[PDB]
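Next up: a single chain in structure tokens, the form deposited in one PDB entry.
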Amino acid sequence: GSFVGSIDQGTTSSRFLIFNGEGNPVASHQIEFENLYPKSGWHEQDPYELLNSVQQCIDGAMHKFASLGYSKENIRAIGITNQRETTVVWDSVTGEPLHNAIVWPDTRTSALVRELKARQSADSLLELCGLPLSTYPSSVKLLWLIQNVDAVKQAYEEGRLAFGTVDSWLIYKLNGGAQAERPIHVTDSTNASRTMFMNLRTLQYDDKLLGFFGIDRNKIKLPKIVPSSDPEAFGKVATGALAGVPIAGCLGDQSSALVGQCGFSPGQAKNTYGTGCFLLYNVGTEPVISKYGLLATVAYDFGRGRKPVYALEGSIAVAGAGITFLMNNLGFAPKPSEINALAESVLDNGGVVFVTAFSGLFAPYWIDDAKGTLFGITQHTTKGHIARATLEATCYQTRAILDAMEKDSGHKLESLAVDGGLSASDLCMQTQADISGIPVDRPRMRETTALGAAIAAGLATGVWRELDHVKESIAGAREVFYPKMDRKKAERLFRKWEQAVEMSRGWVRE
């Protein structure tokens, strides 16, 4: 038949997958690449490590695709999904990087954020772009680069400086960056919504936003904002095993995950578990500015006359990191599987609640003076109770964020899909269904984020006619966990958690 490829360029690993018409992979290749931490809190990557990682996964996956009897001519199109915010700067003329890419967790911008928050109009940014000032957005990373690296400052003033998120860099280079007929310098609405340069409501660059950061549109090269699904805006792969294959899809990774879960209606949510959590909440065609510190962002922009769809986003710092803490810091067990086994070994949390505020707590609590705080310990408390409480902590915080999304949105939570990391813990996802009072859907096909980009590319090139056809086609280990806990009991457990959170604030003094 006909297949769709997906480049999934992540924070620590790259991937290329080839999906069939029902969204199941037939060929895959993964590579872990090098992350650089020059100074403390600094996080960098060689942009060519990102591109070459990807090119190696293309070569590997296509080597098997061939063993299956297929070639690039069997690939209708490829989509791209990427770690968001990570900032790349390159020379418009050479097409070469002027500095390393600054990865989204990088904290070098700390001081620069404090100054920008003091500036006039800082209060207006949230309503314009959907995000508040912080170290994460590409805006502060790009401005920091220009202010602290003389190559990129020089480049900026000479008019040769090009900016891009990872999607733009990959698409730019894959088309044969600079030395190419019709060079492709673009970014999709989801990725562009993460810079703080784009008006969330118009999906176009906003001069009041760019003006605040001091970036002149006439002097830097910004990627053209295009839909997440387009038959031509992204061009094609120039050389290699995919030479001549069109790129037709592009989505920020967390948005791509929502698409991979078919979260297309208002109130449909996804949670992706890793070290922490990234939750996205489909809010429909009108953006929602949060009153609870949630981010307003684009879910997907599939064009074809259809309105762009927005989302509310929240994140949790400690999910898998809590299991890691139990395994390494406390030595409970040497494998995460065995941590779950300990949690399953006991019937309940034993009264234990673990407010996993290692670095304080964020949305909807925003408690900066709590640390990790463990309540309910008695002589009868064993490793299993603490393991359970650690899994429960992520479920409570997930509910707290979803509860805020409901209030922000006005849309009742209609469904929750989970992928990655701790979602593999049957106990944890069963606990999530119990606590939130909603079924929890876990796809057996695990590459949800990669599939989102394939869906985007497939829609642009008639692999799928519409979004209803995507759902029906994708829907053709346990997969759905249904609430089994007495509601009165779920509410008591959630109130005990919220009690513990409140009792945790004010620990830290300065």
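C-alpha atoms forming the largest set that superposes within 1.5 Å between two forms make up the rigid core. Residues carry their position along the shown sequence, with the first being 1.
Colleague: Thinking of the other compared PDB entries, is residue 477 one of those residues unmodelled in at least a third of them?
Modeller: It is, since residue 477 is left out of at least a third of the other entries that model both flanking stretches.
Colleague: Per the entry, how many residues of the deposited chain go unmodelled between residue 69 and residue 70: none, 1 to 3, 4 to 9, or 10 or more?
Modeller: Count of unmodelled residues in between: none.
Colleague: So 415-423 or 335-343, which one's hotter by mean CA B-factor in the entry?
Modeller: Averaging CA B-factors over each stretch, the winner is 335-343.
Colleague: Can you tell me whether 243-251 has a higher mean C-alpha B factor than 149-157 in this record, or the other way round?
Modeller: Going by the record's values, the stretch with the higher mean is 149-157.
Colleague: I'd like to know which of 299, 116, 389, 295 has the highest C-alpha temperature factor in the PDB entry.
Modeller: Checking the PDB record, the top C-alpha B-factor among 299, 116, 389, 295 is at 116.
Colleague: Taking the values straight from the PDB record, which of 313, 181, 85, 369 has the highest C-alpha temperature factor?
Modeller: Most elevated C-alpha B-factor of the set, per the entry: 181.
Colleague: Rank-wise, by C-alpha B-factor, drop residue 431 into the lowest, middle or highest third of its chain.
Modeller: It falls in the middle third of the chain.
Colleague: In terms of the CA temperature factor given in the entry, to which third of its chain does residue 407 belong: lowest, middle or highest?
Modeller: Middle third - that is where residue 407 ends up once the chain's C-alpha B-factors are sorted.
Colleague: Residue 31: which third of its chain by C-alpha temperature factor?
Modeller: Answer is highest: the recorded C-alpha B-factor places it there.
Colleague: Per the entry's values, where does residue 385 land by CA temperature factor relative to the rest of its chain, in the lowest, middle or highest third?
Modeller: It belongs to the lowest third of the chain when residues are ordered by C-alpha B-factor.
Colleague: Thinking about Cα B factors across the chain, which third does residue 120 belong to?
Modeller: CA B-factor rank for residue 120: highest third.
Same protein, other form: the form deposited in another entry, not shown, and the subject of what follows.
Colleague: Listing 383, 108, 201, 160 as candidates, which single one shows a C-alpha movement of 2 Å or greater between this form and the one not shown when the core is held fixed?
Modeller: That would be 383.
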